[PDB]
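Since the structure comes first, as structure tokens, the remarks are kept for the end.
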Protein chains: 4
Amino acid sequence: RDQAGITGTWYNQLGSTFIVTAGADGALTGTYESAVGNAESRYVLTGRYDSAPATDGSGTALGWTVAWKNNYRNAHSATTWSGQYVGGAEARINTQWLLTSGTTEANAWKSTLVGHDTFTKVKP
Amino acid sequence: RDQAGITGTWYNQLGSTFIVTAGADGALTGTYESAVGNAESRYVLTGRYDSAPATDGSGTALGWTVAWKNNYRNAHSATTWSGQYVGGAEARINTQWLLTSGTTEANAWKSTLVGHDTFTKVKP
Amino acid sequence: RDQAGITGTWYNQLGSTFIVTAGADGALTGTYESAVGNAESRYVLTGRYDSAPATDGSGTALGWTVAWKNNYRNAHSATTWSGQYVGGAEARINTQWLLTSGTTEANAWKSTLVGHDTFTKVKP
Amino acid sequence: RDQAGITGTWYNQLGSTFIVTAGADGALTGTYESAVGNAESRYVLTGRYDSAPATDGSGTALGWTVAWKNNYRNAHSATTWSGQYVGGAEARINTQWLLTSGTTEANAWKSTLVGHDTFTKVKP
Ligand SMILES: O=C(CCCC[C@@H]1SC[C@@H]2NC(=O)N[C@@H]21)NCCN1C(=O)c2cccc3c(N4CCc5ccccc5C4)ccc(c23)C1=O
Ligand SMILES: O=C(CCCC[C@@H]1SC[C@@H]2NC(=O)N[C@@H]21)NCCN1C(=O)c2cccc3c(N4CCc5ccccc5C4)ccc(c23)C1=O
């Protein structure tokens with residue numbers, strides 16, 4: 001269990017802030033603040049992690065979602081990050097993400113961005 | 001709000017079963033059973049949706065995660081689906097997904113599968 | 001060798017037209033016309049396929065790129081499709097694609113769309 | 001035209017080597033050697049780039065494919081990279097990639113890896 005390793009405040013390469021609690025049962029709960037895009041302040045996130053990872057030096061699989069609606073803005077979109085937690089002196093969460101916007105059926109082909117974020121426990 | 005539209009039992013093209021409740025506040029909670037892969041029975045899922053979508057015929061953005069650990073198996077992996085709900089006679093959730101396995105740093109380049117699932121309210 | 005199987009005119013679910021020749025050496029050459037987006041008429045494509053696939057009923061891996069510049073328009077973007085050819089009565093090329101736009105460094109996080117196209121030998 | 005900027009030898013974070021020539025007409029031709037996976041020596045690549053990019057500080061969109069068959073091995077797979085070239089003192093090609101394996105129809109859901117490579121003109 002990397003419950004203690006995951007729980008806390010993380011920062012990515014864009015200067016976004018991910019604040020998460022890992023539950024003993026595999027839950028992830030917290031808030032996300034994006035440094036970029038159609039976003040202001042904090043947004044709810046929820047997700048899941050592997051609470052019993054392999055003991056062979058592998059990372060810990062996890063993922064989470066943010067819907068980009070809060071009390072300030074609604075960007076009619078949702079991002080999911082999928083990745084793994086790697087513990088140790090320079091702990092990191094290495095992710096790839098999919099960001100889908102609500103679209104008409106005609107525009108569905110251009111609904112989804114893909115990218116990658118790396119989170120660390122220390123900021124830019 | 002497509003709270004009522006989203007809530008329920010959905011099936012994809014592989015014969016997997018997604019059982020979800022949509023909360024008024026943007027939460028998604030439920031269980032997932034995969035017809036394929038290193039999986040048996042139900043797994044917890046959690047996610048988020050846009051509870052106030054655009055009124056212009058656009059779909060409703062949403063996403064969710066499953067960590068592939070339950071009481072029967074642990075596949076040391078997590079999938080996130082990102083997509084949109086489209087209401088109407090033939091309601092569907094159109095998704096793309098990222099499935100990350102825990103890996104060593106040496107194998108991280110081959111950690112993540114990508115695919116697409118389409119869910120409907122009626123099964124194969 | 002599915003050189004003969006691949007060579008020809010293919011259509012996707014959007015009504016786009018892919019015209020390709022497969023070389024004995026693994027080359028793919030041809031033109032692409034998109035039914036959607038910032039595109040008009042034909043664009044050059046090039047790519048590669050596995051000219052000696054497994055004999056066990058597996059599909060044939062292949063990919064190709066289009067840069068969205070021709071004599072009519074320049075959309076400062078490029079798409080790559082990655083996928084497999086499946087032969088037989090209802091032959092199909094099943095792909096996932098990445099479409100990158102040129103961006104400033106500040107906007108690089110939103111540079112790349114992801115999607116999926118299925119090509120068949122008969123049109124909508 | 002970043003024909004001169006693109007042409008040359010590039011290295012990614014895995015220690016792979018990409019050797020490319022950019023044509024005046026938008027072509028990319030060359031060889032790829034992977035430091036990882038089911039690969040040995042050089043493989044043919046082909047692709048396309050935007051030969052007339054925006055003059056506003058944007059990167060130059062490009063993509064290319066490798067089919068993982070040469071005279072030494074056949075991995076029954078193909079990778080496509082989609083990304084942009086960014087010129088200047090520390091020139092880089094920032095990419096995301098899709099790697100599809102030939103599979104049976106039953107295994108198609110697990111056919112495609114996704115990742116990201118950053119290429120520079122100087123090696124690890
Ligand atoms: O901004 C937000 C909320 C904050 C998101 C922050 C992200 S989460 C991942 C990353 N990590 C991080 O910490 N922070 C960032 N939500 C909307 C985000 N958004 C999309 O959803 C979207 C979805 C689909 C297409 C496009 C899009 N194009 C592609 C090119 C193109 C070409 C011709 C015509 C049309 C288009 C459309 C452009 C921008 C967008 C977009 C775009 O901003
Ligand atoms: O190795 C090569 C040639 C060299 C590729 C080098 C890459 S190009 C991108 C990157 N940049 C670079 O410079 N060098 C690397 N070709 C085959 C590569 N390859 C796939 O195509 C593949 C395709 C689909 C699934 C899987 C795969 N899983 C995912 C997890 C899973 C779980 C349960 C059961 C099954 C599976 C299957 C594992 C490995 C592979 C794989 C795998 O090695």
Side-chain angles (χ1 to χ4, degrees), chain C residues 1-12 17-33 42-67 79-97 117-122, chain D residues 18-23 25-34 37-49 63-81 97-105 108 111-112:
Chain C
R1 216 193 309 168
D2 312 287
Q3 180 179 180
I6 291 164
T7 290
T9 300
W10 298 85
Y11 312 85
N12 72 11
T17 307
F18 165 52
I19 293 166
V20 70
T21 298
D25 71 311
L28 297 177
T29 305
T31 63
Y32 199 97
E33 189 167 357
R42 285 181 302 285
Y43 298 79
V44 171
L45 72 91
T46 188
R48 303 293 296 163
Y49 75 106
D50 181 3
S51 54
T55 57
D56 62 7
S58 291
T60 300
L62 78 184
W64 69 93
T65 304
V66 168
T79 300
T80 64
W81 289 256
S82 183
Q84 60 184 316
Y85 161 83
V86 181
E90 300 187 350
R92 308 174 320 280
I93 304 175
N94 297 321
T95 75
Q96 300 185 83
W97 50 258
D117 288 351
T118 304
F119 297 85
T120 62
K121 292 292 287 173
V122 294
Chain D
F18 165 52
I19 293 166
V20 70
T21 298
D25 71 311
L28 297 177
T29 305
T31 63
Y32 199 97
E33 189 167 357
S34 183
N38 187 8
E40 165 191 354
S41 191
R42 285 181 302 285
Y43 298 79
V44 171
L45 72 91
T46 188
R48 303 293 296 163
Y49 75 106
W64 69 93
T65 304
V66 168
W68 297 105
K69 173 177 181 307
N70 67 8
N71 284 334
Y72 298 109
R73 288 188 191 182
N74 188 350
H76 299 310
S77 48
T79 300
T80 64
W81 289 256
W97 50 258
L98 299 167
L99 166 46
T100 306
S101 288
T103 72
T104 67
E105 287 163 352
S111 67
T112 306

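Just so we're on the same page: letters track the sequence lines, and every chain starts at 1. Computation of the quantities below employed the complete heavy-atom set of this structure, encompassing side-chain atoms and omitting hydrogens, waters and symmetry-equivalent molecules.
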Quick check: closest heavy atoms across [X] and [Y], and the distance to 0.1 Å?
X: D:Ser101; Y: C:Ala61; answer: C-CB, 4.4 Å
X: C:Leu28; Y: C:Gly63; answer: CD1-O, 3.7 Å
X: C:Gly59; Y: C:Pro53; answer: O-CB, 4.4 Å
X: C:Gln3; Y: C:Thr7; answer: O-OG1, 3.0 Å
X: D:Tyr49; Y: D:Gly23; answer: OH-O, 2.6 Å
X: C:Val86; Y: D:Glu105; answer: CG1-OE2, 3.4 Å

With sequence neighbours excluded, residues passing salt bridge (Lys or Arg N to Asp or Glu O under 4.0 Å) with D:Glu33: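 In terms of salt bridge (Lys or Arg N to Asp or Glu O under 4.0 Å), with neighbours along the sequence ignored, D:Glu33 is linked to no residue.
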
Would you please name every residue forming a salt bridge (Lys or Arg N to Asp or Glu O under 4.0 Å) with C:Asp56, sequence neighbours left out?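 For C:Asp56 there are no salt bridge (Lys or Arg N to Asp or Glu O under 4.0 Å) partners, ignoring immediate neighbours.
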
Counting only N and O atoms by type, is there a donor-acceptor contact under 3.5 Å from the side chain of D:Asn74 to the main-chain atoms of C:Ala52?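 Indeed, once roles are kept as given, a pair shorter than 3.5 Å links the two residues.
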
Just by distance, do the side chain of D:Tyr32 and the backbone of D:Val20 share a donor-acceptor pair under 3.5 Å?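 Answer holds: no.
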
The criterion is ring-ring contact (aromatic ring centres under 6.0 Å, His included); which residues satisfy it with D:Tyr43, sequence neighbours excluded?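 With neighbours one apart ignored, the set is D:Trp68.
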
Suppose we screen for side-chain contact (heavy atoms from CB on, under 4.5 Å). Which residues come up paired with [X], at least two apart in sequence or across chains?
X: C:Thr29; value: none
X: C:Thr31; value: C:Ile19, C:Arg42
X: C:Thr46; value: D:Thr46, D:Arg48
X: C:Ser82; value: D:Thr80, D:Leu98, D:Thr100

Pairs in or reaching into residues 68-77 of chain D: which pass salt bridge (charged side-chain N to carboxylate O under 4.0 Å, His left out), with residues at least two apart or in two chains?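 Every salt bridge (charged side-chain N to carboxylate O under 4.0 Å, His left out) pair that includes a residue of residues 68-77 of chain D, provided the two are not neighbours, is D:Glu40-D:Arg73.
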
Restricting to side-chain hydrogen bond (donor to acceptor under 3.5 Å, both in side chains), what partner residues turn up for [X], sequence neighbours left out?
X: C:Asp117; answer: C:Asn12, C:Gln13, C:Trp81, C:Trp97
X: C:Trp10; answer: none
X: D:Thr21; answer: none
X: D:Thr103; answer: C:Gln84

Mind telling me whether C:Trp64 and C:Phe18 have parallel, tilted or perpendicular rings, with 30° and 60° as the class edges?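 Ring orientation, 0 to 90° scale: parallel.
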
When rounded to the nearest 0.5 angstrom, what distance separates [atom1] in [X] from [atom2] in [Y]?
X: D:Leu99; Y: D:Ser111; atom1: CG; atom2: OG; result: 9.5 Å
X: C:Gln96; Y: C:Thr118; atom1: CD; atom2: OG1; result: 9.5 Å
X: C:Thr79; Y: C:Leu45; atom1: OG1; atom2: CG; result: 11.5 Å

More than 12 non-hydrogen atoms from neighbouring residues, nucleotides or ligands closer than 6.0 Å to CG on D:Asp25, yes or no?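 For D:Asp25, atom CG is crowded (more than 12 foreign heavy atoms under 6.0 Å).
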
